[PDB]
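Take a look at the letters that make up each chain.
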2 protein chains.
Amino acid sequence: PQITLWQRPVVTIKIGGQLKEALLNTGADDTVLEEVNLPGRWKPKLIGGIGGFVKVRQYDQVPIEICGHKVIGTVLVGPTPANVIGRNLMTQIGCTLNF
Amino acid sequence: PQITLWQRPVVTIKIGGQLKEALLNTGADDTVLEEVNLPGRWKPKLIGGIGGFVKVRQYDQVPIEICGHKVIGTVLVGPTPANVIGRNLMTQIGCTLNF
């Protein structure tokens, strides 16, 4: 797909058998999701930093689908204004900026 | 150009005869620049909002160049972690997301 930017680039992701919405965000280095009970081991990760950091859980090699594109990657799980797809997963789907 | 997202999408903009760096940010609705003395009239604009808003100045139909692409648009001028190119100017250069 080509996604014009007249509106917010909000897309449907599938993660842990749940359909969710998330913003394709090139200003985000990483992918943060709000509250989801992903299985297995995780390590602590600090995110944010401005005015202080937020502690989330880093889960590696998670299978995720973004516009029906099946990828594998690092998802950070805990609080966030709303689900955000970062550059880490955009390279996995081969999503580029074009003009 | 096609811009892969392995690194931050930082680009050179030209605004008010000054070369500057700014992030191509699809998670930003608007384009915010740090401290620049743009001529003419402006109206107050609130941006941010989380924990409170930041007051910047909205300047319309500003000529700006982004990767040598000459466009015309709304620039918000005042404080910001660092110069940010929003979706408002990305549509003007015909910048899309592609995968």
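Conventions and cut-offs
- Residues numbered from 1 in each chain as written, not as in the entry; some residues may be left out.
- Chains lettered and ligands numbered in written order.
- Heavy atoms only, no water.
- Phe/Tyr/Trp six-rings, centres within 6.5 Å; stacked < 30°, edge-to-face > 60°.
- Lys NZ or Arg CZ within 6 Å of the ring centre and 35° of its normal.
- Least-squares fit on C-alpha atoms.
- Contact = heavy atoms within 4.5 Å.
- Helix = DSSP H or I, 4+ residues; strand = E, 2+ residues; numbered from the N terminus.
- Buried area = accessible area lost by both parts, 1.4 Å probe.
- Salt bridge = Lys/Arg side-chain N within 4 Å of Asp/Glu carboxyl O.
- Polar contact = N/O pair within 3.5 Å; in protein donor to acceptor, adjacent residues only side chain to side chain.
- Buried < 20%, exposed > 50% of the residue type's maximum accessible area, 1.4 Å probe, protein only.
- Core = buried A, V, L, I, M, F, W, Y, C linked by side-chain atoms within 4.5 Å.
- Pairing = 2+ DSSP bridges.

The record lists X-ray crystallography as the method behind this PDB entry and 2.25 Å as its resolution.

Draft legend 1. Structural view of the packing of aromatic side chains. For the structure shown, the criterion picks out zero aromatic pairs over all chains. Just above the ring of A:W42 sits the side chain of A:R57; from NZ or CZ to the centre is 6.0 Å.

Draft legend 2. Structural context of the relation of the copies chain A and chain B. With an RMSD of 0.0 Å, the fit of chain A onto chain B corresponds to turning through 180 degrees and sliding 0.0 Å along the axis. When the rotation and shift are considered jointly, the pair of chain copies conforms to a two-fold rotation axis. Taken as a fraction of all interface residues of chain A, those also at the interface in chain B reach 100%, which identifies the copy contact as same-surface.

Draft legend 3. Inspection of the environment of B:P44 at higher detail. For B:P44, the position within the fold is in strand β5 (residues 43–49). Separated by 32 residues in the primary sequence, B:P44 and B:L76 place their C-alpha atoms 9.3 Å from one another.

Draft legend 4. Expanded view of the interface of chain A and chain B. On the side of chain B, 30 residues touch chain A, which itself brings 30 residues to the contact. On the chain A side of the contact with chain B, A:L5, A:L97 and A:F99 bury the most area, a combined 30% of that side's loss. Run the count over chain A and chain B and you get two salt bridges. Here B:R8 ties to A:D29 by a salt bridge, and the two come within 2.6 Å at their closest N and O atoms. Between chain A and chain B we count 21 residue pairs in polar contact in total. Sorting the residues of the side of chain A that touches chain B by element identifies β1 (2–3), β3 (18–24), α1 (87–92) and β9 (96–98) of chain A as the ones contributing at least two each.

Draft legend 5. Broad picture of the pattern of salt bridges. Enumeration over the complete set of coordinates arrives at six salt bridges over all chains. Between A:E34 and A:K20 there is a salt bridge whose closest N-O contact spans 3.2 Å. Here A:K20 lies in strand β3 and A:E34 lies in the loop between β4 (32–33) and β5 (43–49), a separation of 14 residues in the sequence. Judged by relative accessible area, A:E34 falls into the partly exposed class, the value being 26%. The partly exposed category is assigned to A:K20, whose relative accessible area is 22%. A single network of salt bridges, built from pairs that share partners, joins A:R8, B:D29 and B:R87.

Draft legend 6. Looking closely at the nonpolar core. Within the largest apolar cluster, 48 residues are counted, with the highest numbers of intra-cluster contacts made by A:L24, A:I64, A:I66, B:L24, B:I64 and B:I66. What B:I66 contacts, discounting residues up to four positions off in sequence, is A:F99, B:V11, B:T12, B:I13, B:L24, B:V71, B:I85, B:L89 and B:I93.

Draft legend 7. Spatial organisation of the sheet that holds strand β9 (residues 96–98) of chain B. Taken in spatial order, the four strands line up as β1(A)-β9(B)-β9(A)-β1(B) in an open sheet, and their pairing is antiparallel. Either end of the sheet is taken by a strand with one partner, and the two such strands are β1 of chain A together with β1 (2–3) of chain B.

Draft legend 8. A look at the side chain of B:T96. The topology assignment puts B:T96 in strand β9. If sequence neighbours within four positions are ignored, B:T96 has contacts with A:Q2, A:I3, A:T4, A:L5, A:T96, A:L97 and A:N98.

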